[PDB]
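# Summary of the model geometry
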Number of protein chains: 4
Amino acid sequence: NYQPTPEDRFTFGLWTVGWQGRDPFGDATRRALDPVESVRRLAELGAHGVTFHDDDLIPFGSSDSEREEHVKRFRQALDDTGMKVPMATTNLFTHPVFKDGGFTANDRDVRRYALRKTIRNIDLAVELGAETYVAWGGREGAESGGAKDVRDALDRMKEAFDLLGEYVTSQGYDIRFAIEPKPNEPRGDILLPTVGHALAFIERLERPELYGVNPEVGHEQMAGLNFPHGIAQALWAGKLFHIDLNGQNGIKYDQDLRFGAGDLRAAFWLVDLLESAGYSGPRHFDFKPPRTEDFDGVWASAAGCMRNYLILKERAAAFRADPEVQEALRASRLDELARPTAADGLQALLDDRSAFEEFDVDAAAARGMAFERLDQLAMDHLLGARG
Amino acid sequence: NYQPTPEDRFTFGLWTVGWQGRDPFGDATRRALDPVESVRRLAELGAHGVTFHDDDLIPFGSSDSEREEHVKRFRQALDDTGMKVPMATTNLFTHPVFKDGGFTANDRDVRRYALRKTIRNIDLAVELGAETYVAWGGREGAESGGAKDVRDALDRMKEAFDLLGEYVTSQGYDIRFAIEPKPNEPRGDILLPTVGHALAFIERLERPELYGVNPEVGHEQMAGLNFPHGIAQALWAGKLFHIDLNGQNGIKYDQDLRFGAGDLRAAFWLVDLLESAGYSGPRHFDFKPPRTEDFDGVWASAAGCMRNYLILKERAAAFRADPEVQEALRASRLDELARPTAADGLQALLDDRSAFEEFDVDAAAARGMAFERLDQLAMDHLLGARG
Amino acid sequence: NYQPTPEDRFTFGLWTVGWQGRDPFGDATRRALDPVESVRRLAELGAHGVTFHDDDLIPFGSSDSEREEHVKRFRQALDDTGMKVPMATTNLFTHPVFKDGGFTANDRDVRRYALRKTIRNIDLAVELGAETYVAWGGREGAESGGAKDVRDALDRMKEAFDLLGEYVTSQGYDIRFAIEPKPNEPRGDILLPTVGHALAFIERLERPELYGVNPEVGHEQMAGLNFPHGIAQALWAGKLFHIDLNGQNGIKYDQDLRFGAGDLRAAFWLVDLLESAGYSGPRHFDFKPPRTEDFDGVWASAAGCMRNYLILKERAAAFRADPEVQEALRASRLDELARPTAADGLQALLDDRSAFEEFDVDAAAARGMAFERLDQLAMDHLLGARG
Amino acid sequence: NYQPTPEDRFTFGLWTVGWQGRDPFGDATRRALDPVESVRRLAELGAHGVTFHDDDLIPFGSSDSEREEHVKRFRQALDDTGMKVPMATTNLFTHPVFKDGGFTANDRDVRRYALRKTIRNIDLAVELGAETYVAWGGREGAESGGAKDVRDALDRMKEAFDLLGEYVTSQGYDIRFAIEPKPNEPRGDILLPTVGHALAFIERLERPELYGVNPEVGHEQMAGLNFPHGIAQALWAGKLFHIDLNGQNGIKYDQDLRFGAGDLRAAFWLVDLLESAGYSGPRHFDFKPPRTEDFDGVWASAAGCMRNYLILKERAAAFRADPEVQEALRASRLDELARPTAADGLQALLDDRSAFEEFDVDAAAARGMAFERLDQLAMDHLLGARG
Ligand SMILES: O=C(CO)[C@@H](O)[C@H](O)CO
Ligand SMILES: O=C(CO)[C@@H](O)[C@H](O)CO
Ligand SMILES: O=C(CO)[C@@H](O)[C@H](O)CO
Ligand SMILES: O=C(CO)[C@@H](O)[C@H](O)CO
Ligand SMILES: [Mg+2]
Ligand SMILES: [Mg+2]
Ligand SMILES: [Mg+2]
Ligand SMILES: [Mg+2]
Ligand SMILES: [Mg+2]
Ligand SMILES: [Mg+2]
Ligand SMILES: [Mg+2]
Ligand SMILES: [Mg+2]
Ligand SMILES: [O-]
Ligand SMILES: [O-]
Ligand SMILES: [O-]
Ligand SMILES: [O-]
């Protein structure tokens with residue numbers, strides 16, 4: 001009944017289930033979860049692996065002595081359970097020294113510090129076997145306009161990612177980076193607000209081949225955009241190295257609801273797309289069990305995630321296979337969208353009088369697109385009202 | 001008293017002042033303005049030139065006979081007044097044959113037609129002397145998810161812009177293109193929603209050098225982003241070929257208010273940036289005098305535009321020159337932002353123990369950024385409360 | 001298979017299916033539909049009745065002669081089909097004389113005119129048998145701040161509704177009014193933006209008993225609010241005389257998609273509420289078939305509406321009846337929410353030391369709310385994944 | 001040079017300047033400020049008084065012994081400086097026992113507890129001399145739909161405010177309550193989201209006369225509404241007992257920027273309104289110095305607040321007095337808006353043939369409103385470009 005298996009590629013962040021529940025207007029409602037503990041409960045539910053921030057596994061300020069002790073206990077846990085670690089990131093947002101940013105902070109000294117803190121937790125990412133490395137520059141921005149020269153910051157940002165590449169290139173690591181956009185929160189405005197702004201940025205770096213994106217549901221939905229639309233340009237441009245799943249009800253604070261929640265009609269068009277294009281990386285889940293819940297609630301919430309994906313995957317599978325849905329698509333000319341417009345060459349088109357001088361625009365404009373039917377059909381499938 | 005002169009580069013679209021006032025819920029409140037008429041009133045107010053859609057100058061369905069008559073009358077007008085035409089575009093949104101799009105429409109035949117309609121009004125753009133050519137794909141999108149394969153559409157979009165380049169390359173024209181993003185309205189979702197999404201798209205075309213952007217105030221402010229932030233990546237990436245100025249009060253229908261209106265604190269940080277980076281192209285104005293106004297109102301509204309830019313330009317000039325503002329900037333370390341972080345090389349940084357092993361993070365984090373003062377200063381300048 | 005019958009109370013506006021497709025950036029894509037024609041197709045699909053604007057049935061400027069001819073043809077149509085007319089409204093937004101508003105316009109003369117135009121189409125509303133009368137003040141607002149004294153406008157608004165009541169009171173009509181809020185579009189800001197702002201306004205009129213609300217899905221969802229939350233205060237306060245159903249994808253232009261579309265998880269919590277509280281009025285549908293469609297598309301789109309309501313009604317019915325959903329509710333204490341907090345009186349509470357001096361706050365705060373389970377359950381029901 | 005004096009009525013919350021800087025994604029960047037310390041620095045800058053949450057002055061869990069010690073030290077501070085305390089509130093959001101709400105929480109026991117916690121800090125509000133008492137129900141809402149019966153919650157909410165009134169009525173206190181709306185954050189959706197939703201709620205309580213509102217800038221601007229528009233209905237309905245000033249850049253997390261910041265054109269239309277209607281209560285400031293700042297920054301940020309109000313007050317004063325602005329207003333008929341529409345009675349209007357049968361609608365619709373000029377004038381005044 002929609003049971004998950006490691007072969008599904010469902011992964012979680014230690015900081016997701018582990019969220020203690022502290023929000024601007026409230027203290028923590030839950031007690032700390034030990035990383036080994038999250039790992040057994042997850043493996044048990046049907047996951048594949050887990051992701052982490054340096055600061056999640058190794059507490060800030062930890063000596064290299066205690067630092068070994070947390071990596072061994074984790075190491076052992078991964079083995080007794082079989083879980084994997086296909087992605088890792090740095091924590092350049094919590095500590096106060098990052099109040100103005102990491103790679104883009106004004107204090108030059110603060111920038112160097114954040115470049116090392118990363119390089120350090122990259123040697124560990126590999127040591128464990130992570131394939132992708134993500135970077136979320138949440139403290140990279142400004143509330144006021146004279147606080148940041150956006151042109152100077154974009155320089156300090158390319159210089160940061162470049163160095164990192166030169167490092168992985170020398171260290172002959174097979175790892176690749178994933179830049180995660182957010183339009184805002186915790187800064188008034190964040191650098192590289194959406195997938196689009198990050199994709200362009202990557203075509204300016206020295207080694208573009210080593211960079212991609214890790215678009216998150218709610219984040220793109222914080223600017224009011226169509227998430228699936230955005231996962232399309234990344235794939236079209238071959239840059240979807242990773243993805244963060246969750247829920248978001250519109251434009252407002254980053255909610256991070258469990259997957260399926262929020263915009264349900266949208267999560268249906270994402271799975272479909274991810275299945276069609278053959279996305280094989282991990283189906284990550286960057287969510288936060290609400291603070292009105294306890295631990296039995298955190299595990300139910302993380303169960304709902306995978307389960308919602310599985311059903312949606314099914315309901316989408318049928319959608320495409322339905323012999324009737326297939327003819328509606330032809331009725332709406334999605335087959336003609338796939339066909340090149342001018343494979344006949346420019347010259348051919350400039351002389352072809354069927355495209356202008358003789359085109360019957362009136363007869364053509366009267367041709368209905370039949371989009372409302374193909375949708376209600378889609379709707380019956382998601383609800384399971386077809387039969 | 002803030003009088004404009006053609007040397008300011010203020011330009012307008014024939015369809016701006018000429019707007020008749022028809023909105024979804026209302027008939028037109030103003031009568032049609034003849035293009036020659038807009039041209040004399042504008043030259044009179046202190047402008048430099050005007051932009052246009054093929055359909056603005058040459059009514060849809062016009063024979064090549066009447067078509068010559070509108071280009072001559074315009075031609076003569078430009079001369080008796082001295083106005084110039086530094087930008088031109090096609091109209092792929094009004095006619096019903098474009099209900100599903102132009103370059104990305106599903107009906108292949110509709111795509112070819114829209115490629116020619118453009119190529120035609122490109123030969124005219126040059127004939128007049130336009131330097132830039134803009135493209136706004138407003139009908140390029142979908143309301144439902146199965147209505148468009150976003151990967152197939154991005155193919156038909158690259159194929160469209162490519163052909164156009166092959167054409168201008170053969171026709172040895174010195175013109176360049178400008179893709180204008182919009183996140184939505186009139187379609188539920190529009191392809192290449194923001195500046196970011198268009199910048200990445202341009203690095204995939206065959207001839208990237210011939211493409212740029214024409215970001216519009218309200219449009220980026222329809223997704224809730226920081227406009228100036230966005231004009232920074234375009235400049236940083238050298239792609240600001242043109243720009244559309246106007247006003248927008250938040251997230252909602254595209255208002256197109258006169259310049260200065262809407263977010264005033266933002267229009268102050270844009271002019272400053274445009275002046276600093278030395279933006280020399282035109283200061284275009286894509287606005288719509290509200291329908292509660294008559295013609296004396298349309299001319300006052302177009303007067304307010306340039307005037308607001310001029311004052312803002314002044315108030316920003318003083319801001320930067322103020323000896324006190326200059327030391328606040330140093331106080332907030334914008335001078336250190338400009339300084340490279342690791343010109344000493346990767347190796348130097350990996351050994352430099354001043355950046356990690358010995359960095360005093362606590363002492364550094366206690367260092368205030370002093371951003372609130374530099375802003376109130378900025379605020380006094382905009383209001384003119386410094387003295 | 002989710003077939004509707006007049007006993008469902010599904011109604012439509014003549015201006016919904018009849019929409020010709022003209023948007024700010026496009027001419028009409030469909031031809032005019034004659035009112036009698038909409039009436040036969042609708043009765044055929046399974047409806048109960050239709051609503052209208054004076055201007056929909058009787059074209060603006062029509063003489064009392066032709067005016068009788070449109071009311072007779074309509075009259076006859078209603079009979080050959082059995083359809084009813086349970087609601088009617090005035091059209092104070094299209095004509096240019098309403099560019100500054102109707103009841104709140106500055107030109108005093110324009111206000112009187114709009115008061116009569118209404119009183120006229122009220123005598124007709126009854127003549128036909130409408131039970132409710134709706135008022136949408138879309139042109140009541142301003143783009144600029146000095147354009148309207150909001151205190152003076154609220155006076156001219158109470159004076160407008162008052163007079164109307166004095167009229168229906170004298171004409172001994174059994175009709176009641178329904179004020180429909182919108183936060184914006186076509187004006188920069190609209191008076192009485194949300195349900196809340198209209199509910200308060202009604203408690204100031206002379207005859208409050210004769211007024212209520214007609215909240216529309218997308219409209220409240222244009223400000224980013226929770227629609228069902230809003231339909232709750234209206235019912236709690238006994239003011240839901242009518243309702244407009246449709247779809248809206250977030251914050252942006254008013255889409256008016258068919259019902260079910262947009263936020264699907266929200267339309268599930270609305271039907272449930274409407275069924276629980278026993279809402280018996282009409283399940284109106286104020287939507288707009290998209291302009292990429294033709295007539296076969298307009299009828300399919302209006303079919304999807306009712307169908308989506310029917311399924312959602314079912315999936316919600318099961319939800320509540322599920323013996324398991326019932327114990328989850330008890331698990332989450334919705335039964336304790338219904339229980340009064342201090343029926344024991346103030347004094348009893350001030351002495352009751354179980355509520356403060358001895359309350360164990362720590363033990364109580366540790367009590368999980370179990371909300372994530374009751375939701376995934378809800379989710380399985382909507383998708384039909386329970387079994 | 002825009003210096004404030006207690007006669008201006010500028011007040012602050014202890015929790016504003018005192019904010020330590022902890023946000024969802026970051027630890028505190030500033031150290032704790034002692035209440036007596038905030039009081040001396042504020043009195044020094046030019047304030048009138050300060051507001052507080054029980055939990056700000058008396059730490060949660062404090063014994064009645066230490067509880068006296070904090071009220072005496074505060075008491076003395078107020079005297080050595082002369083500051084006043086015209087408003088006080090309870091803290092029903094931080095502690096975890098309020099994770100599901102206070103007055104509306106499901107656990108009945110949690111509701112009683114929160115009713116007492118309030119009644120307690122009301123006896124103290126008076127003891128000090130506060131005139132108004134505010135209530136912000138931030139934890140009153142839900143993320144999921146089955147988590148809360150919105151009809152049951154509105155019952156538990158009226159029962160809460162009622163009891164409080166019965167208490168102040170018996171305790172013969174001269175105090176009055178102020179309900180502060182927020183559409184969201186920290187809950188997915190909050191009960192009584194906007195000023196409108198709270199105004200209606202007040203007309204259902206047992207003792208309406210004892211209730212009002214305390215609208216906050218950013219909060220109403222979180223739903224995308226026009227703040228000044230909203231302060232107009234409250235005044236029109238005589239319910240503006242208090243107000244919270246600050247800044248907010250659009251729709252997103254609650255920023256709480258210093259006053260003047262965010263939407264500057266809007267803060268100009270608010271002061272004008274507050275000055276015209278003769279608002280005499282306090283000009284409260286509920287803001288948060290950003291966490292990139294230290295203490296010298298917190299005092300500069302709180303200086304900018306009052307200063308921005310003072311200038312805006314001036315620039316607005318001139319606006320109204322300008323002989324030219326006065327004739328523009330007449331030109332735009334704001335004088336006719338103030339004039340009653342039908343003081344002649346219903347009958348008079350029904351017979352008056354100048355309002356319909358003979359009204360020249362075409363001649364009337366051609367009458368421009370001249371709104372764009374009156375605005376550019378307004379703009380010149382705010383910038384100080386008139387002369
Ligand atoms: O996206 C967020 C928060 O909005 C983070 O969890 C990143 O994924 C990791 O830095
Ligand atoms: O931006 C718009 C409308 O939102 C257009 O005026 C383009 O500039 C021209 O197609
Ligand atoms: O709501 C709208 C448009 O947003 C109207 O159809 C009203 O229902 C009738 O005036
Ligand atoms: O408005 C907020 C936070 O958004 C509070 O500071 C209230 O004023 C007090 O509970
Ligand atoms: Mg997030
Ligand atoms: Mg994430
Ligand atoms: Mg625009
Ligand atoms: Mg434009
Ligand atoms: Mg609508
Ligand atoms: Mg409606
Ligand atoms: Mg706030
Ligand atoms: Mg507040
Ligand atoms: O997140
Ligand atoms: O535009
Ligand atoms: O509507
Ligand atoms: O706040």
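Residues numbered from 1 in each chain as written, not as in the entry; some residues may be left out. Chains lettered and ligands numbered in written order. Heavy atoms only, no water.

Regarding how it was determined, this PDB entry cites neutron diffraction in its header, along with a resolution of 2.20 Å.

Per the PDB entry, chain A carries the name Xylose isomerase and comes from Streptomyces rubiginosus. The deposited entry bears the title "D-xylose Isomerase in complex with linear product, per-deuterated xylulose". Under the heading Catalytic activity, UniProt records this for chain A: "alpha-D-xylose = alpha-D-xylulofuranose". (UniProt positions renumbered as here; feature names shortened; annotations may be inferred.)

## Regarding unusual backbone geometry
Of note, the amide linkage connecting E185 of chain A to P186 of chain A takes the cis form, showing an omega dihedral of 25°. Within the secondary structure, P186 of chain A is located in the loop between strand 6 (176-179) and strand 7 (189-190). In this model, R333 of chain C sits at a positive phi of 55°, which is unusual for a non-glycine residue. Within the secondary structure, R333 of chain C is located in the loop between helix 12 (323-331) and helix 13 (334-338). One non-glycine residue, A370 of chain D, lies in the positive phi region at around 55°. You can see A370 of chain D is positioned in the loop between helix 15 (361-365) and helix 16 (371-383). (Helix = DSSP H or I, 4+ residues; strand = E, 2+ residues; numbered from the N terminus.)

## A word on the coordination of the magnesium ion (ligand 6)
All names here are of chain A. The protein atoms donating to the magnesium ion (ligand 6) are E180 (OE), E216 (OE), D244 (OD) and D286 (OD), with metal-donor distances spanning 2.0 to 2.2 Å. Around the magnesium ion (ligand 6), the six donor atoms are arranged such that angles at the metal cover 74 to 167°; this shape is classified as octahedral. The motif formed by the donor residues of the magnesium ion (ligand 6), counted along the single chain, is E-x35-E-x27-D-x41-D. Between the magnesium ion (ligand 6) and the magnesium ion (ligand 5), both coordinated by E216, there is a metal-metal distance of 4.9 Å. (Donors = N, O, S within 2.8 Å, 3.2 Å for Na, K, Ca; no water. Tetrahedral: all angles 85-135°; square planar, octahedral: opposite > 155°, others 65-115°.)

## Overview of the site of ligand 3
The environment of ligand 3 is formed by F25 of chain B together with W15, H53, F93, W136, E180, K182, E216, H219, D244, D254 and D286 of chain C. Chains contributing residues to the immediate surroundings of ligand 3 are chains B and C. Side-chain polar atom of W15 of chain C to an oxygen atom of ligand 3: 3.4 Å apart, as the coordinates give it. A distance of 3.5 Å separates an oxygen atom of ligand 3 from a polar atom in the side chain of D244 of chain C. Here ligand 3, which alone exposes 300 Å², has 96% of that area covered by the protein. (Near = heavy atom within 4 Å. Polar contact = N/O pair within 3.5 Å; in protein donor to acceptor, adjacent residues only side chain to side chain. Areas by Shrake-Rupley, 256 points an atom, 1.4 Å probe, with all protein chains shown as cover.)

## With respect to the interface of chain B and chain D
Contacts between the two partners involve 37 residues from chain B and, on the opposite side, 37 residues from chain D. Both sides together, the interface formed by chain B and chain D hides about 3,000 Å², and carbon and sulfur atoms give 50% of it. When the buried surface of chain B facing chain D is broken down by residue, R258, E372 and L383 of chain B rank first, second and third, together holding 23% of it. The tally of links between chain B and chain D comes to six salt bridges. With a closest N to O distance of 2.9 Å, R258 of chain D and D375 of chain B form a salt bridge. Our enumeration of links across chain B and chain D arrives at 26 residue pairs in polar contact. Sorting the residues of the side of chain B that touches chain D by element identifies helix 10 (264-276), helix 11 (295-321) and helix 16 (371-383) of chain B as the ones contributing at least two each. With eight residues, helix 16 of chain B is the largest single contributor of residues to the side of chain B that touches chain D. Among the residues making up the side of chain B that touches chain D, the classes are represented as 13 nonpolar, 13 polar and 11 charged. (Contact = heavy atoms within 4.5 Å. Buried area = accessible area lost by both parts, 1.4 Å probe. Salt bridge = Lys/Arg side-chain N within 4 Å of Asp/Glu carboxyl O. Nonpolar A, V, L, I, M, F, W, Y, C, P; charged D, E, K, R; others polar.)

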